[PDB]
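Residue numbers (the authors' numbering), protein chains in the order written: chain B, 22 to 392; chain C, 25 to 83; chain D, 26 to 243; chain A, 24 to 806; chain E, 24 to 110. The beta carbon of each residue, even a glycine, is placed where N, CA and C say it ideally should be.
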Amino acid sequence: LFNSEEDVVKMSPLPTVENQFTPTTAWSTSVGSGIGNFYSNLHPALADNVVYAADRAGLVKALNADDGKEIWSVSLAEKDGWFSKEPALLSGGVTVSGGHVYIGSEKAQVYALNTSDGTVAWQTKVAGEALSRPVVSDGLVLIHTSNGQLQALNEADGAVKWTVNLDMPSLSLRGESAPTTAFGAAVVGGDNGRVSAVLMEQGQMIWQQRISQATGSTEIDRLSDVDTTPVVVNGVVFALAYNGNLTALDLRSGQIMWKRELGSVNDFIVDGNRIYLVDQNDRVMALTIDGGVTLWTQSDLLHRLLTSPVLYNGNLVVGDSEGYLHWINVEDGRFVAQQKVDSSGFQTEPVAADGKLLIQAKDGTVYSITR
Amino acid sequence: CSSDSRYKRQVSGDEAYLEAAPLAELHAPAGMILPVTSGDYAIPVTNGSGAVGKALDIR
Amino acid sequence: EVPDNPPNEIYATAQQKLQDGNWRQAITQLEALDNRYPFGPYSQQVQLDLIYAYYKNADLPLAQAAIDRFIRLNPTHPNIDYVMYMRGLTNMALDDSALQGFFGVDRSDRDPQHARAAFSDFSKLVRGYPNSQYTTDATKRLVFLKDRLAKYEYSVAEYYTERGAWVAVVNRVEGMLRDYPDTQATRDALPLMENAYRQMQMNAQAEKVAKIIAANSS
Amino acid sequence: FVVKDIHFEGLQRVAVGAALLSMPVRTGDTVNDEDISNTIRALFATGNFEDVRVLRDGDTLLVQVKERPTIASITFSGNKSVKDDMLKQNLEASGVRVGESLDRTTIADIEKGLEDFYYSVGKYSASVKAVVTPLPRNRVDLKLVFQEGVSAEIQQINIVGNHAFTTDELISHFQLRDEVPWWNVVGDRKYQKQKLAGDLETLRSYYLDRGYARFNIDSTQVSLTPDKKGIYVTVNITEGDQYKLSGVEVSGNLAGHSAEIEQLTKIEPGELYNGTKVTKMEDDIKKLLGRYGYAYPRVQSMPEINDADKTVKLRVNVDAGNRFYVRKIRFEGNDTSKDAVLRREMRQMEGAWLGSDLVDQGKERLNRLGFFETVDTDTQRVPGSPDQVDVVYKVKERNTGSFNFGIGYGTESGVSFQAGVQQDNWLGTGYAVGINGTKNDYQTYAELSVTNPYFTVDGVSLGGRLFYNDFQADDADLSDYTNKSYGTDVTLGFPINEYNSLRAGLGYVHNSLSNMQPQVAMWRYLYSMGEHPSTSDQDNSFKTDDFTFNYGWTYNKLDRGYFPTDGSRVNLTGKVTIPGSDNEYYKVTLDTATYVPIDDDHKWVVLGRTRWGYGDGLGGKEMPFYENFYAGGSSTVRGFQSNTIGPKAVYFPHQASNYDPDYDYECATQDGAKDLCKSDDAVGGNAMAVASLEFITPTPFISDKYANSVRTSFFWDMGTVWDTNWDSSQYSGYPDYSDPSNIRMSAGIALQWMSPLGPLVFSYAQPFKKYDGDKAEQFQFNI
Amino acid sequence: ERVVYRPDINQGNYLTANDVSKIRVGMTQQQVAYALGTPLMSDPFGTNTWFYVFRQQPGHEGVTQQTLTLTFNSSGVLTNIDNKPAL
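The following block contains the structure:
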C-alpha cells in the first residue's frame, strides 16, 4: 500500500560512527516536550550554572547546570495577545541578559522572564513570527521576524524601539535572520537571499546586499536553516543567502570579499580562518576568511540536517536531526566520537558551555553532553 | 472497417440531407415587398462544374 | 501502425487502406504520412483522402480537422472547394444522428446546428469557388439546407402560434421572412404573422401580409 | 570570399532552403568569416539543429548540421502518484512534445517549470530531468524522470494581530486539519495555499457580517520551513472594529422602482454590519429590475462606514436597463430533441419585457426535464437597443435511450428471449417511449406504453398502456397455470398546479386463465370470486375481464429530472373497479420519496424511499391474486431475490396436474410430491409496508466525467408485505399472514451507474432478517 | 370548455404609461426611443410604425392586450401613437 505511493527523494544516514573519545551526556535534564520537529529557532542558554531552557508550550526552564536541577520553571504560555495558557509557540532562542530570559514566539511575541525566578520581567509583541532569536543588545532587543522587520524592544522593560523592515523574505521563509551587532551597527540577516548591516541605534539601513537568490523565483530548496544572519568576525560580514550561498562581504559597505556560493549551507560558523560550515550534503568543512578555501571536508556526515559545527572536548562537535552527536577530528574529515544521546534530533545547536555541551533535543529534551 | 456497418457517405439522422432538394423563391406582390433575401440563405446559386446530390466527386 | 516508411510507401499503404474500406487503417497511414512527410506531393491529397477516410468512418469532425489540415498545411491541390463541399457534406451528417431516415422519418427540426455549419461550408464553396468541380452540389444543397434551418425555425414559430404568443409569432415568422428567400416554411410562416396581426388587432398589417401570401402562393 | 555552393546537410525537417534561407549568407551572397559564424547561429536559430558547423572551400561554403526535430518520444518516470499527462503539460509549456522540434536549450525549462509545477502542487521537493535520446533521421526521445519527494503540509495557523477573536476561533472557520482520529472525523489531511486563500476569505466574511466592515488581513506569510513540510501562516490581520450597518441610502437610476427597492434594502439602524447582506441587497434590486426587464441593473452599494459611532451607512447606487429587453430566444443543444417541446418548457416568451426569473422557470422545467444533462442559456442582448435581448438557451440534452434486460433466454430454448428498450423522449418529440415484452416458451408477451405530455400545452399527459401476454407456462405445456392476459389502460396526467397534477384512467384487465395451480392465495380469492380452483388437480379455469378505474395525484418538489439533490415529492395512485368488472375490488397504494441533504453539497442526501399499499374487494370480494403486493430482492428491500416478502406460494394436497411433468415443476403434484406443500417464493399480500433508507455518496477515485450522474448509495432495507385477507386458520400449515411482522431485512449498497443507456443500478446487499424463506441474491444487478 | 387551470401567455413589450407620455405625435424616432427603445415589431415592408404589443391570456377568459403602434413617417417623425387594447 505505502510501497508505491510516491517517488520520494533520498536522505543518506550518518556514515562511519566513531567513539574514539567515547561520548556521553553530562546529565539528562529532559523537559519532555520542547523544541520539536516543529521548526524552531528556540535554543537554550547555558550560563550561571543554569540550563536556561524552554519549550514551545511556553515552559521555560532554569535547570542548574551540574545535573540540570530545575532552579525555576514557569510557563510563558501565551501571556499576551490571545488567551492565556494557550501554548506560547516559543520561536526565538533563550536569550539571557540581565534579569530576563528573552524568548521569541511564533505568535509574534518576544518575552523576558526573569533569570532568577521566571517571573515575566517583561513581554512584548513583535510584528510576525520570529525568524530570529531575540538579539538583546545595547538596551535594544533586536528581532528579525517573518515580515523582515528589525523589531527592537527595550532590554530591561520592553518597549519597541523600532520595527524596521530591512530584508524581508517573500513569505515566512525560514532560517536565521538575526540582527547582530557589529562595529556599532545592527548587522542584519534576512531570509530573502540577502544580508545587511544597518545602524544599531534605530535600524537605519547603512547597506543592504543581496548575496543571492531566495526561495521564490527559483527552484532552490527551502530545506535549509539559512544562516543569512551575519557571522561578522572582522570588518567583513560572513553570511549566507537563502540558497545558503556563503560569502565574505565588507561589514560597513557590503562589498563582497569572496563568495563560496556552494549551495544551501545548512549551518556555518567562522572559526577563525576555518569557516566551519555544514555543507549542502550536511558535510562539515572549513573555509578560510581571505577566500573560502576548503581546508577539509567530511562525508562522515551526509544528509543529516546538522547543527552548528562547534569545538568541544578536543574535537569539532556537531549534532543533527536524528539525535546523532558527532566529534570531528578537529579539522580533517574524521569522526572521533558520535553520541546517540537522542534520536528525536537536535534543532538546538550544541552549546559548548558550562564545561558541558548543551543540546536541548527536539522532544528528547535537554541533555548537556560530555565525553 | 471492423465496426463500419450501415454508416458511410450516407448521413446520420434524417437521410434527406444528400438529395439536396431545392425550393421555389419567395415572391411578394406589388407594393408589398418584404425583404426575404436578407439572410445568407439567399445563397450564391452557382451550379458550375461537377455533380449534385450524392454523385459529386470526392478525393 | 503509424509507419516511418518512405513517403510514397506511407502513401501507397494509405491509399489501399482507403480502398480497403478500413479507413481507420488509412487514417493511421495517411496521418503518418503527414506526421513525417506532409510536404509530400500527395500529402495534400492525403488530407483530402483523410476527409475521404474520416467521414465514411463516422470520424466526421476529424474529416473537418482534415478539412482544416488540408486548408492549413496543404493549401495547394486546390480541393478547398471539395473541402468546403466536404465540410458541408460532413456537418450535414454531423447535425442529426438517428437512423430512422432509411425508411423516411424526419429529424429535420430538432436543431440544425451543424446544418448551419454545413450551410456555411456549402456557402463557402459557392462563394469561394463558384466555378469549381464541386459547386454544383453545394448550390443545390444550400437551397435545400435552409429548409432544415427553416423547419426548425418554423417549429419555434409553431410553438408561439400554439402557445398564443402572437407578439412572439411575428418575432419568429418575420424572423423566417427576413431569413429565407425560398423556403416554403417561410411562406407558411407568413400567414401566422397575419394570424398574429389579426390577433393583435394589426389587421392592416395582416392584409399587408395577405397579398404576400397571394404572391407567396407562387 | 563569395560562395559558389553551400553544403546543406542535416535534414528531414529542415531542407536545403530551410537551411539556406536561415543562412544569412546565401549561395551566391558574399561570405565573411563573421557570416560563417552568423551561419552558425542563424541555422541553430530554427530550433531544429543539434549542431551547425559552417566551413568553406575557400569561399565555397560547407555547413555541417545534426538535427534535433520532431521529438519521437517523451518518457515519464517516477510519476506514479501524479499521472504523466500533468507532467506532459509543463513539458508542453516549454513548447516541447512528441512530433515537434526539440530545442535542447529548453531542457531545463521543461524541468524548472515541472518542478515549479511540483512546487504549485503543494509540494516543493522535486528535481526532474528531461533526457534527450536521439531517434531515426532527426528524431529524439526526451525521457523525463520525476523525483517527487515530499509535499507541504499545514501544521499550525499562526494568525497574528488578531484581537476581536482568538486565533483558533478563526481556525474554527477554516479547514486545515489532519488525521481523522479513532474517535472523531476531521476530514482533510493536506495543504494548499488556495485553501488558505479560501480561508482568508473565510476569515474576512467571518468578520464582515459581525460588523467588522474595516476588517483587514494585514499580511500572511507561509512558513517556508526546512523539512519542506511545515506550513505556518503568519496571518497578520487587523480585526477592524465592528460597526453597525445603520442606514441604507439606496439611490441612482432606480427606474421608478425605488419604493420596492427600498423594501429590498430594509435594514435595522443599529444592527451590526453585514457586508454579505450588503451585496445581497443589491442583488435583490438586480433580479427585481431584471424582472421588469432591466436585464442590466447597475446596482452599486457604498458602505459609508461611520467609525465614530461604530456604524455603517449604506449608499447604494442603482442603474437599470430599459423595459422590453427579451426580443426573442434561441434554443441550442437539441440535435436529438425537437425544440418546441422544450419551448413548452420555456416560460420566458419573446416579444416581452425581460422576466429575469421567467428565463429561469422554463430552465427550471428544463432542469426538471430529465431529458437533459445540463441546462443553461446565453441571455444575449441584441445591441443597438435597450429593449432587445435574444436568450440563447444552450441546454445539454440527455444521453437518450436506455436498455433493460434480465440474464438470458437466448440459445437456451429456441430463438426466444427477454427484451425492453427506453428511448427517453425519442427525438425530443413530446413522446417519452419505453417498450417491454418477451418471447418465451412460457409466454408470448407484447406490451405497449407511450405518453404525450404535450398533446396539450397545459401538460395534459396523453398516455396509454397496452399489453398482450400469451402466457401458457410451458412447464409441461399448460399443465401449470395458463394466462392469456391482455388489455388497455389509458391515463391522462392533468396538471392541477405546477406542483400538483391529477391522474385518472380506466383499467381493462382481460385475463384468460386455465389449468391453474393447486396453490392457496388464488383459492381464497377465487372462493371470494365464486369459483373453486382445483386444490387437488391442475385443471381449474378462471377468466376475468376486469373493468377497473384508476386515479392519482402528485406533489412536485424536487431539484432535477436525471440527478435530483433536494426536495420532497408526494405521489398517490390507486385503483378501484366499476360496474362492468368481473371482480369488484380496489387496490390503493402510496410511496414516499424525500431528499433531505445532511450534506448541503448533496454528496450526502437522505433518500427516504418507502412503499405502502392496501387493496381488497369493493363488493365484498378480494382484490385479485394478480394484485397482491410484493417485495424482496431488486426492490426497496433488495438483496434477496424478487418476490420473497409477503405470504408464500404454498400448495394444497394435490394430484394429477394435467400431468405436471415427472418430477419437474412439482407443486405437490401427482409425480412425487404428496400433500400440503409450500415454496419460499412469496405469493404476496394485500397489504405492504417496505422501505429503503438510502444515501447519496461521493466517489473520489471515480473520474467525475460521469460521477455527477453516477451515485453510489448505501442502504439498510427492511419491510413486510402481508395478505390481511389470508386465512391464518386454513393455511396455518403454510406460512400464514395477517400482519406486518414478517419484516425481512437486507442491507448493503446500491451502485447507480448512469450509462448512455440511462441509470443502471447494481447492488450488493446481505440478508440479515429473513422470514418464511427468502430466495436470496446478495449481489443484485438491476438493469 | 369546462376545463380549468390554463397557464398564462405572458407577452410584454408594450408602451407603458411612462412610455406613451414620454413621447408625442411629432417626435422623431430616436427622440421617442431614448426611454422607449426599439419595438419588437414594426411594419413588414412599410413605414416606421413601431408596434409595442402587449398580450396576456388569463386562462379560459379571453385575453388582455395593449397593441401600441407608433406610426412614424419615413422621416421618422411620429404621426400616430395608436393605442389598440384587448380585442
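Query raised in the report: Helix, strand or coil: which one does DSSP assign to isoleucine 94 (chain A)?
Result: strand
Report task. Report yes or no: do the segment 630-637 of chain A and the segment 561-576 of chain A share at least 3 C-beta pairs separated by less than 8 Å? Result -> no
**Report entry** Close-in-space but distant-in-sequence residues of the same chain around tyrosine 297 (chain B) (CB under 6 Å, 5 per side omitted)
**Finding:** Within the same chain, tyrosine 297 (chain B) has close Cβ partners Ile290, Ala307 and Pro330.
Query raised in the report: Out of curiosity, what's the CA-to-CA distance linking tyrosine 28 (chain E) and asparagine 594 (chain A)?
Result: Computed Cα separation, rounded: 20 Å.
Query raised in the report: With respect to the beta strand (DSSP E) encompassing residue 443 (chain B), which residues constitute its N-terminal and C-terminal limits?
Result: Residue 443 (chain B) is absent from the structure shown; chain B starts at 22 and stops at 392.
Query raised in the report: Which residues, taken in chain order from the segment 67-92 of chain E, show a beta carbon closer than 7 Å to some beta carbon of chain C?
Result: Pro67 and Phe68
**Report entry** Neighbour list for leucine 59 (chain E) in chain D, Cβ cutoff strictly below 7 Å
**Finding:** None at all; the shortest Cβ gap to chain D is about 16 Å.
Requested in this report: Output the distance between the C-alpha atoms of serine 94 (chain B) and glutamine 265 (chain A), rounded to the nearest integer angstrom.
Outcome: 40 Å
Requested in this report: Report the three-state DSSP secondary structure of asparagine 106 (chain E) (helix, strand or coil).
Outcome: strand
Report task. Give the C-beta separation of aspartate 493 (chain A) and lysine 507 (chain A) to the nearest angstrom, bearing in mind that I take them to be a contact with Cβ-Cβ under 8 Å. Result -> 6 Å
Query raised in the report: What are the boundary residues of the beta strand (DSSP E) that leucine 774 (chain A) is part of?
Result: 767-778
Query raised in the report: Is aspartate 797 (chain A) helix, strand or coil by DSSP?
Result: Three-state DSSP puts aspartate 797 (chain A) in coil, outside helix and strand.
Query - Residues that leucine 38 (chain E) contacts on chain D, provided the C-beta gap is smaller than 8 Å - result: Residues of chain D passing the Cβ test: none, with the nearest at roughly 13 Å.
Query raised in the report: Between B:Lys383, B:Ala68 and B:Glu27, which lies nearest to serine 104 (chain A) when the distance is taken from Cα to Cα?
Result: When B:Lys383, B:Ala68 and B:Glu27 are compared, the shortest CA-CA separation from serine 104 (chain A) is found for B:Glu27.
Query raised in the report: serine 508 (chain A) lies in the beta strand (DSSP E); which residues open and close that run?
Result: 505-518
Report task. With a threshold of 16 other CB atoms inside 10 Å of the CB of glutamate 171 (chain A), please say whether the residue is buried or exposed. Result -> buried
Query raised in the report: Would you call residue 18 (chain B) buried or exposed, if buried means 16 or more other Cβ atoms sit within 10 Å of its Cβ?
Result: What is shown of chain B runs 22 to 392, which leaves residue 18 (chain B) out entirely.
Query raised in the report: Can you find at least 3 beta carbon pairs, one from the segment 245-254 of chain B and one from the segment 185-205 of chain B, that sit closer than 8 Å?
Result: yes
Query raised in the report: Where do the ends of the alpha helix (DSSP H) carrying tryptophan 48 (chain D) lie?
Result: 48-61
Query raised in the report: Would DSSP call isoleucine 124 (chain B) helix, strand or coil?
Result: coil
**Report entry** chain E contacts made by the segment 506-523 of chain A, where a contact means CB separation under 7 Å
**Finding:** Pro518 and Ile519
Report task. Report the three-state DSSP secondary structure of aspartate 242 (chain B) (helix, strand or coil). Result -> coil
Requested in this report: Indicate whether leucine 87 (chain D) and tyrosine 79 (chain D) have their beta-carbon atoms separated by less than 8 Å.
Outcome: Going by C-beta atoms, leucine 87 (chain D) is nearer than 8 Å to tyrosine 79 (chain D).
Query - Reduced DSSP secondary structure (H/G/I, E/B, other) of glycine 528 (chain A) - result: strand
Report task. Spatial neighbours of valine 364 (chain A) within its chain, please: CB distance less than 7 Å, with the 5 preceding and 5 following residues excluded, ordered by chain position. Result -> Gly451, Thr452, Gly453 and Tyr477
Query raised in the report: When we look at the beta-carbon of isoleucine 601 (chain A) and count the other beta-carbons within 10 Å, is it buried (16 or more) or exposed?
Result: exposed
Query raised in the report: Taking C-beta to C-beta, are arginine 132 (chain D) and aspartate 146 (chain D) nearer than 8 Å?
Result: no
**Report entry** Opening and closing residue of the beta strand (DSSP E) in which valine 412 (chain A) lies
**Finding:** 412-420 is the span of the beta strand (DSSP E), which, as asked, contains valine 412 (chain A).
Query - Spatially closest choice to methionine 117 (chain D) from D:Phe144, D:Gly129, D:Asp134 and D:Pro103, by CA coordinates - result: Of the residues D:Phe144, D:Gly129, D:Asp134 and D:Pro103, the one whose Cα lies closest to the Cα of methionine 117 (chain D) is D:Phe144.
Query raised in the report: Counting contacts by CB-CB distance shorter than 8 Å, is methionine 64 (chain E) in contact with chain H?
Result: Absent here is chain H; the protein component of the structure consists of chains B, C, D, A and E.
**Report entry** Contact between the segment 199-219 of chain D and the segment 176-186 of chain D (3+ Cβ pairs under 8 Å)
**Finding:** yes
**Report entry** Segment contact flag, the segment 345-358 of chain A with the segment 279-295 of chain A, C-beta cutoff 8 Å, min 3 pairs
**Finding:** no
Query raised in the report: Taking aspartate 582 (chain A) as the reference, which of A:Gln384, A:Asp447 and A:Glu90 has the closest Cα?
Result: A:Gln384
Query - Nearest residue (CA-CA) to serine 158 (chain B), options B:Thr202, B:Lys128, B:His347 and B:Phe42 - result: B:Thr202
Query raised in the report: From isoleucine 232 (chain B) to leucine 220 (chain B), what does the alpha carbon distance come to, in whole angstroms?
Result: 19 Å
Query raised in the report: Cα-Cα, which of A:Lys671, A:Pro647, A:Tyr618 and A:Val209 is closest to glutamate 717 (chain A)?
Result: A:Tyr618
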